[PDB]
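Read the single chain below, which is given as structure tokens and is the form solved without the named molecule.
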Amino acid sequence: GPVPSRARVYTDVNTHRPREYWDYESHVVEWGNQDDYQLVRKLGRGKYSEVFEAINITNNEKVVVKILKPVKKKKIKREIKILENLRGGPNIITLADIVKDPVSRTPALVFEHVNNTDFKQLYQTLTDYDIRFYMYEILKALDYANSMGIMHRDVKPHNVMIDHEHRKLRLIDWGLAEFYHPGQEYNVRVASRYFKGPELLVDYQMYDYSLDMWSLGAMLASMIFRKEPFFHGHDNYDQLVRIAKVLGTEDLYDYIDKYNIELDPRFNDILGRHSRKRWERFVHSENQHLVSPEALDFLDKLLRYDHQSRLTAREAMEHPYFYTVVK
């Protein structure tokens, strides 16, 4: 069967924790006062919750309220525990409170407010420098989470809140995030299609933090090449084919061969044979100002089939691409 895999970093952080740190099932929620908060506007509704702009009349500050749908009964304590574990970390969204919504009769998570600009309108204007700046900020969040034994598993532009005016960034929606336990098998039905790592698409369950570095790379590619999304699959199968048309099929087979993975036989008729492409073919007059040798090398080291070969978040922060960013 499949060969096992372990993260190359932060492998044993949770094993050296009291059970309570990662045992989210046993967590006892501290409930706040629902009447502290007044809902102002509905912002949106995801699969697992409805999201509101609200006000915290106890102090009068603006907050964000995520009223959890009757979800997968236990995603709740997982998200709460992860949020509490990561609170105060660099660019980690701050859980301000947890209350019981009187109408939904479900938990309502209360967050810090962030003044975001739609990523679409936002990415059409970001300069080269600003791409680097904000990527570095995202990496701080990811490395922090990983050092705390947690992977986000849903990195995508919609989950990065950016207050461009204040050049402030927050990584949000930790509802899919998990504790990393070496040797543990995970659900491959995580992340959004265009940001799913090859490991998910070939149904390899023993993945780790490095999943999010693929997603970050897919984000970066869309930004520096001005192509949304960069890997544009019709479904999860076509998604892998779109990746293979860039990274090539030989390295794909090397990957699944290394882990003794067998592709779904439905790929036989659709995968074809594809050479690895040089990144220069995606450069054109409209995106050239966003591209540099450093950008391409950085991208190249994120977008690897083999999850074990990708840059870790810390290694990524060491890359020459970020030398120009003021620290």
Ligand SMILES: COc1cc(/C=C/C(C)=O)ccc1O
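From 1 onward, residues are counted along the sequence shown.
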(message) Please compare 307-315 with 13-21 and say which has the higher mean C-alpha temperature factor in the record.
(response) 13-21
(request) Determine, for stretches 76-84 and 219-227, which one has the higher mean CA B-factor as deposited. (result) 76-84
(message) Between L290, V40, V65, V283, which one tops the list for Cα B-factor in this entry?
(response) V40
(request) Go through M213, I162, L176, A145 one by one and give the residue whose Cα B-factor in the PDB entry is largest. (result) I162
(request) Within this chain's modelled residues, let me know which third the CA B factor of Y123 belongs to: lowest, middle or highest. (result) highest
(message) Where does the C-alpha B-factor of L299 rank in its chain, lowest, middle or highest third?
(response) lowest
(request) Would you mind ranking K69 by its C-alpha B-factor against the rest of the chain and naming the third, lowest, middle or highest? (result) highest
(request) Check where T117 lands among this chain's C-alpha B-factors and tell me if it's the lowest, middle or highest third. (result) highest
(request) Compare the C-alpha B factor of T106 with those of the other modelled residues in its chain, then answer lowest, middle or highest third. (result) highest
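In what follows, reference is made to the form deposited with the named molecule bound, a form of this protein that is not presented.
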(request) With the named molecule left out here, work out from 59-67, 291-299, 254-262, 278-286 which stretch has heavy atoms within 4.5 Å of it in the deposited bound form. (result) 59-67
(request) Using a 4.5 Å heavy atom cut-off, state whether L86 contacts the named molecule in the deposited bound form. (result) no
(request) Tell me, yes or no, whether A244 is in contact with the named molecule in the deposited bound form, where a contact means a heavy atom of each within 4.5 Å. (result) no
(message) Can you tell me if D143 lies within 4.5 angstroms of the named molecule in the deposited bound form, counting non-hydrogen atoms only?
(response) no
(message) Residue-level contact is defined here as any heavy atom of the residue lying within 4.5 Å of the named molecule in the deposited bound form; does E79 satisfy this criterion?
(response) yes
(request) Could you check which residue among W214, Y209, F230, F111 gets a heavy atom within 4.5 Å of the named molecule in the deposited bound form? (result) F111
(request) Decide if the three candidate residues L43, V51 and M161 all line the named molecule in the deposited bound form, where lining means a heavy atom within 4.5 Å. (result) yes
(request) Would you mind checking 172-186 for residues with a heavy atom within 4.5 Å of the named molecule in the deposited bound form? (result) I172, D173, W174
